[PDB]
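*Asks:*
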Amino acid sequence: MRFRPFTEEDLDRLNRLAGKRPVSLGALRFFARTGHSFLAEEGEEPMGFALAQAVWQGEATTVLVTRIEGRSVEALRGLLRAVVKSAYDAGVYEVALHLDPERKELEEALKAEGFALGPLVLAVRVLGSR
Numbered sequence: 001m002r003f004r005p006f007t008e009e010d011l012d013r014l015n016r017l018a019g020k021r022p023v024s025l026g027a028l029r030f031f032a033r034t035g036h037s038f039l040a041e042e043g044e045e046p047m048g049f050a051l052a053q054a055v056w057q058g059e060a061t062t063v064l065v066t067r068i069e070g071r072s073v074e075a076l077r078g079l080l081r082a083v084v085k086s087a088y089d090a091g092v093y094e095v096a097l098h099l100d101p102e103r104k105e106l107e108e109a110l111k112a113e114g115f116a117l118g119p120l121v122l123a124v125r126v127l128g129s130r
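Per the entry's author numbering, numbering of the sequence shown is gapless, rising by one per residue and ending at 130.
Okay, structure coming up:
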């Protein structure tokens, strides 16, 4: 298994991993430009991806993982590691993710790669779409 930046040529591979929530070409292009987004592959079987980006806090920066998908704990862990490395290299202060706690594989991968699930809590208000 390997972890790499994706390009436009990888649109189908990403969408093979994207289930019922497709990644557009526009989204792929934007996330390719961040330097924080990765594709996981076993051979040329796609195995996961992470869409992540830098968000300025006013002094420090956070890298937010907007989306992560993966077919195994191994894929999820390696994607997190690749994101974390890209954050360290950019002098980013922290990496954050909004976790659905039903996703046990992701929860396992997060703990294995040094993420905490507290004490900070996520507050959300969904407004909806037009």
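The beta carbon of each residue, even a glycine, is placed where N, CA and C say it ideally should be.
For the alpha helix (DSSP H) containing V84, list its first residue and its last residue.
*Replies:* Taking the first residue of the sequence shown as 1, we reach residue 84 at position 84. Taken as a continuous stretch (DSSP letters only), the alpha helix (DSSP H) holding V84 covers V73 to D89.
*Asks:* Any idea what DSSP makes of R125, helix, strand or coil?
*Replies:* Position 125 of the sequence shown, counting from 1, holds the residue named residue 125. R125 falls in the coil class under three-state DSSP.
*Asks:* Within 10 Å of its beta-carbon, does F30 have 16 or more other beta-carbons around it, so buried, or fewer, so exposed?
*Replies:* Walking along the sequence shown from the start, residue 30 turns up at place 30. By the neighbour-count rule (16 or more Cβ atoms within 10 Å), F30 is not buried but exposed.
*Asks:* Could you check the C-alpha separation between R130 and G118 for me, to the nearest Å?
*Replies:* As a first step, residue 130 is located in the sequence shown; it is residue number 130 there, counting from the start. As a first step, residue 118 is located in the sequence shown; it is residue number 118 there, counting from the start. Rounded to whole angstroms, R130 to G118 spans 33 angstroms at the Cα level.
*Asks:* State buried or exposed for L127, treating a residue as buried only when at least 16 other CB atoms are found within 10 Å of its CB.
*Replies:* As a first step, residue 127 is located in the sequence shown; it is residue number 127 there, counting from the start. It counts as exposed.
*Asks:* Do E69 and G26 have their beta-carbon atoms positioned less than 9 angstroms apart in this structure?
*Replies:* By one-based count along the sequence shown, residue 26 stands at place 26. By one-based count along the sequence shown, residue 69 stands at place 69. Cβ distance not < 9 angstroms, so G26 and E69 don't count as in contact.
*Asks:* In the DSSP output, what is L39 paired with across the bridge?
*Replies:* The residue given as residue 39 occupies position 39 in the sequence shown. The partner list for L39 (beta bridge, DSSP) reads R4 and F49.
*Asks:* In three-state DSSP terms, what is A116?
*Replies:* One-based indexing of the sequence shown puts residue 116 at position 116. DSSP places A116 in coil when its eight states are reduced to three.
*Asks:* What's the call for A75, buried or exposed, on a 16-neighbour Cβ count within 10 Å?
*Replies:* Translated into positions along the sequence shown, residue 75 becomes position 75. By the 10 Å Cβ count, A75 comes out buried.
*Asks:* Looking at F3: is its Cβ nearer than 9 angstroms to the Cβ of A82?
*Replies:* To locate residue 3, count along the sequence shown from 1; it is residue 3. To locate residue 82, count along the sequence shown from 1; it is residue 82. A contact, by the Cβ cut-off of 9 angstroms.
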